[PDB]
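Engineer: sequence-free structure coming up:
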Ligand SMILES: Nc1ncnc2c1ncn2[C@@H]1O[C@H](COP(=O)(O)OP(=O)(O)OP(=O)(O)OP(=O)(O)OP(=O)(O)OC[C@H]2O[C@@H](n3cnc4c(N)ncnc43)[C@H](O)[C@@H]2O)[C@@H](O)[C@H]1O
Ligand SMILES: [Mg+2]
């Protein structure tokens, strides 16, 4: 039960808002264990498994993969690091209110949610630029629009939920990367 007593930080924001970017800075500075739902899912794809093929199809459409699948991947990763971790940074989960609730039922309660806030047009620009070079098949304009629609519909209520909980710190991800990280640092330092 090292885990349920562990420091757990949720990182929530739209596609291309800068979640991963900020999380890499957090890792370098604070040394937290970075668990990205996207990275865990893409790792399953990379394994060549039949599960991986199914997840790949879902992610290519810009849709949410089943709750149990991603939560179980995250839980397993947390357990594998429970003895050595300085704290957990959960990046890209939860993306619906039910994902937050099941995480609290099966794992533990977050002490902080970092709301990486960016405008829709900013996210589109960022993702199209990244899509010029990235290995992501979902960085195309049509799928980008689907990802955004899902974000506002399903994931923004997550932000509202943890605002009601009282643990959200909003960071302005339209500033320069280091400037955003200053706000991130402020929030983490106050823990
Ligand atoms: N919980 C879940 N449940 C069900 N399904 C799930 C799930 N999680 C994932 N899935 C499935 O997996 C798919 C992929 O999800 P996932 O990969 O987890 O989420 P994502 O939001 O699509 O991730 P991105 O990498 O696109 O965005 P990011 O916010 O991390 O931005 P980044 O820092 O890279 O930055 C983006 C660009 O902007 C640049 N940038 C960042 N910040 C700045 C800044 N301040 N100024 C200028 N440029 C910046 C960056 O250099 C970069 O080029 C989902 O669509 C879904 O299908
Ligand atoms: Mg990311």
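Structural biologist: Structure received. Numbers count the residues shown, from 1 in each chain. Ligands and ions are numbered 1, 2, ... in the order given.
Engineer: how about the residues of this structure near ligand 1?
Structural biologist: Proximity of the chain to ligand 1 is confined to 13, 15-21, 36-38, 41, 58-59, 62-65, 70, 92-95, 99, 126, 130, 147, 173, 176-177, 180 under the rule CB under 6 Å from any ligand atom. In this view, the C-beta of every residue, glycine as well, is placed from N, C-alpha and C.
Engineer: list buried residues within the residues you listed.
Structural biologist: Among these, those classed as buried by neighbour count (16 or more other CB atoms under 10 Å) are 13, 15-21, 36-38, 41, 59, 62, 64-65, 70, 92-95, 99, 126, 147, 173, 180.
Engineer: of the residues you listed, which belong to helices?
Structural biologist: In helices, judged by DSSP state H, the following of those are found: 19, 20, 21, 37, 38, 41, 59, 70, 99, 126, 147, 180.
Engineer: tell me the one among those nearest to ligand 1.
Structural biologist: Nearest to ligand 1 among these: residue 38, at 2.2 Å, using CB to the nearest ligand atom.
Engineer: so what's the closest one up against?
Structural biologist: With CB atoms under 8 Å, 6 or more residues apart in numbering as the criterion, the residues that contact residue 38 are 20, 91, 92.
Engineer: how about these in CSV, adding distance to residue 49?
Structural biologist: Formatted as CSV, the entries for the contacts of residue 38 read as follows, by distance: CB to CB, whole Å:
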residue, distance to residue 49
20, 24
91, 22
92, 20
